Colleague: 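The structure follows.
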2 protein chains.
Amino acid sequence: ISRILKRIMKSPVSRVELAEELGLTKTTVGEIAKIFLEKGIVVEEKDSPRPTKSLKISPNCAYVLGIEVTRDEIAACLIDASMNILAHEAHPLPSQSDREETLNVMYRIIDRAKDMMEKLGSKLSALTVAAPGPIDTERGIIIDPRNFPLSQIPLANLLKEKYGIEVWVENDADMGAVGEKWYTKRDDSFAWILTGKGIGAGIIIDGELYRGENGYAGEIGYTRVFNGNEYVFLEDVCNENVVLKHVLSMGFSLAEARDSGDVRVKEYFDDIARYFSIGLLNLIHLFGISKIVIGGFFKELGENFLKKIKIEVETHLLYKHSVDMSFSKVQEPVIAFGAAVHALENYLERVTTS
Amino acid sequence: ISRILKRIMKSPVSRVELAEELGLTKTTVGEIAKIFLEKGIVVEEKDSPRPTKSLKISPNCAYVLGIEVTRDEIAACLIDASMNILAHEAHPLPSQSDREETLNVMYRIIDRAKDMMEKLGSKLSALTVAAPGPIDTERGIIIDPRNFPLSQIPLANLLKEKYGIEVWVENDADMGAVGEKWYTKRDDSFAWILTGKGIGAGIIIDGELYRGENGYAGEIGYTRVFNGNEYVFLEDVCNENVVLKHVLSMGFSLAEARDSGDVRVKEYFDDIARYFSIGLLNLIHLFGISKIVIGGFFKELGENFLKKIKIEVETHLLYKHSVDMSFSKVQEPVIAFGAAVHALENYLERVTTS
Ligand SMILES: [K+]
Ligand SMILES: [K+]
């Protein structure tokens, strides 16, 4: 294999650094550098301080689009090969959208990105669609049994056909995690937790995305939770809808609740933090991780809510050791962005292999 | 690095096969083979059917001991470098054993193995102790907070000092999993579940043992389970003690229960299978695995009990896909054995690096 490409993407790096840090011959890398450097994928430049030259990905060699699909909205993120965001957007969907209605918005978005590059004399080279639930990553199909207008449909294929580019389909929480990895320049281990409409985790280990054998991983949304009457999934309780709909009962705006200073709100948020923790504790106790990053809906609850989760987790932890809870602070769209970067690796990995 | 050593252990393999299957130069492997073959670690032999030669680990180059520690007993497994079992044994401990009482039995066992090799003109080269709970694998300390007479003690160090060999300390469920990997010649992914006295999982992914950042992984024993009155750990409910002690109430021998054909037994075993599944489902939904192997106490409940677990898991599975449940069928001591093989890799990996 190669994937010095993986490292050149990580950051500018010289031939000596690659050969040493990865392990290989000066003549092996020197030749591959010749290919990359010829294909217009990479460039060599003197470093800002005898002297030395590094390898950098050339922004011009690839433009790719990432997309996130939710029940209420579709977001897109267009990047160059340096993963600079050229444009990002979001098109809401109508109440209860069809297969056909949802696809139309998606086609619209892709046509917009295809056209925008073509007017700038270049092209859209590939695309990665991010969606909820389990996914057939090899065939490019959304397996999610739950009512989604894009389930059991050869999505990658119909897009490939229609557009003549490379298309992948990928779990949304996984792509959120990929988004944090790159936007934060991390290479450690953590879990990126998706919240709002759906619950799930993207699991990153030593900088790589963790993958399951059956199209899913980190699925903490199916954590069995007993509410006092019957059992429910953790996803049914943390759902952004169920939360605000319940606050319609409370009387309280979506935010005002906390500003209300009502014990009833405190105890309701405590209920959710407790449940949520059960799922986090599973991840921690099973994967043996320490770092967790929360994204989406739960950000809106603030550090007052994060303090409770921290506490619930400290309390029920297997033994006393440090655990880092945090919110994501990536400017939106974090999932569409991760999906875009996913498309970039996979497109560059494919182009070099030929 | 090397760890063609890892592959030569896997099975007999030629220089061409290594160079190709792993990726390297004919002259790189040819030189390393020279080292290994000189150190008496490896041998070259014509294959049983122009002709070709393979590399095999030489059984004579290393003899190592594996040990499992339980509250009631200590078991040992002595092997050669081909991982043939030379001897295995088990010494029960008295009711509620001291640090000193437990260590005495352990010293006795190690002295027995040290002496047995020395009378055969060789020596005991290393040792791996397997124990329950979280473990400081780098310093060789059993961190388990739960009352264990060997907790918070520099175990590896005091053994290293006393014996002058290499000593490691390792999680018992992890070593059970390692035991299955090698005894079954598997290189796929699965979870080995320890049952009886304690509950836990050893997680293997693509043939390697999965490790956490904090001295543990696969800890499903701390799965929160609501019994109807209050919450308890899954470990408190599946505990071999709690089960048989409860059967003292039932009236029923430890086995007769099932042969009794009593609905009360059926429904009690159903209760446990249900709980147990909650923990298995976490593993499956989080790690995205499909294969599970159960060992220990639960074997004694038979396929009638495995059929129920299978069912509970099928039912609550994220989506309809195949899941393989099975019991371990390794002749005891499976954990002591895995620990022995762990010691062998680590001893051979250390000896070659010098
Ligand atoms: K996931
Ligand atoms: K474990």
Side-chain angles (χ1 to χ4, degrees), chain A residues 68 130-135 137 142-144 169-180 190-195 198-205 209-223 235 279 282-288 293 295-296 318-319 335 338-339 342, chain B residues 68 130-135 137 142-144 169-180 190-195 198-205 209-223 235 279 282-288 293 295-296 318-319 335 338-339 342:
Chain A
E68 66 167 297
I135 295 185
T137 197
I142 303 171
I143 304 169
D144 199 345
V169 178
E170 203 67 55
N171 184 243
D172 52 3
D174 285 1
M175 295 298 92
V178 171
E180 288 278 330
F190 66 101
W192 195 86
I193 306 183
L194 176 66
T195 55
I199 299 287
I203 309 184
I204 288 191
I205 294 170
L209 177 64
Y210 177 85
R211 293 177 176 274
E213 293 184 335
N214 299 300
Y216 63 83
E219 290 287 337
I220 56 173
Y222 293 85
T223 302
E235 193 154 19
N282 288 349
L283 279 174
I284 291 169
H285 288 138
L286 298 203
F287 278 98
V293 183
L318 176 51
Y319 77 93
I335 295 177
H342 172 274
Chain B
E68 66 167 297
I135 295 185
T137 197
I142 303 171
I143 304 169
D144 199 345
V169 178
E170 203 67 55
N171 184 243
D172 52 3
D174 285 1
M175 295 298 92
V178 171
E180 288 278 330
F190 66 101
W192 195 86
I193 306 183
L194 176 66
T195 55
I199 299 287
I203 309 184
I204 288 191
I205 294 170
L209 177 64
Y210 177 85
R211 293 177 176 274
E213 293 184 335
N214 299 300
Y216 63 83
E219 290 287 337
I220 56 173
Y222 293 85
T223 302
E235 193 154 19
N282 288 349
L283 279 174
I284 291 169
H285 288 138
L286 298 203
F287 278 98
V293 183
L318 176 51
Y319 77 93
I335 295 177
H342 172 274

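Order of listing sets the numbers, starting from 1, for every ligand and every atom in it. Heavy atoms only: backbone and side chains are in, while hydrogens, waters and symmetry mates are out. To find a chain, count down the sequence lines: A is the first, B the second, and so on, and within it residues start at 1.
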Colleague: May I ask you to decide if A/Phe287's main-chain N or O and B/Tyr210's side chain share a donor-acceptor pair within less than 3.5 Å?
Modeller: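 Yes: the side chain of B/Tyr210 pairs with the backbone of A/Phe287.
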Colleague: Over 60° means perpendicular and under 30° means parallel, so tell me whether B/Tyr216 and A/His285 are parallel, tilted or perpendicular.
Modeller: tilted
Colleague: Just to confirm my numbers, could you give the angle made at the K ion (ligand 1) by OD1 of A/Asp174 and O of A/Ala201, rounded to 10°?
Modeller: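 Vertex at the K ion (ligand 1): approximately 90°.
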Colleague: Of the backbone and side-chain N, O or S atoms of B/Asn171, does one lie nearer to the K ion (ligand 2) than 3.4 Å?
Modeller: yes
Colleague: What's the separation between atom CG in B/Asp144 and atom CG in B/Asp172, rounded to the nearest 0.5 Å?
Modeller: 9.5 Å
Colleague: At a threshold of 3.4 Å, where the distance has to be below it, does the K ion (ligand 2) have an N, O or S atom of B/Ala217 nearby?
Modeller: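 Short answer: yes, at least one N, O or S atom is under the cut-off.
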Colleague: CD1 of B/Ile199 to CD1 of B/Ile220: how many Å apart, nearest 0.5 Å?
Modeller: 6.5 Å
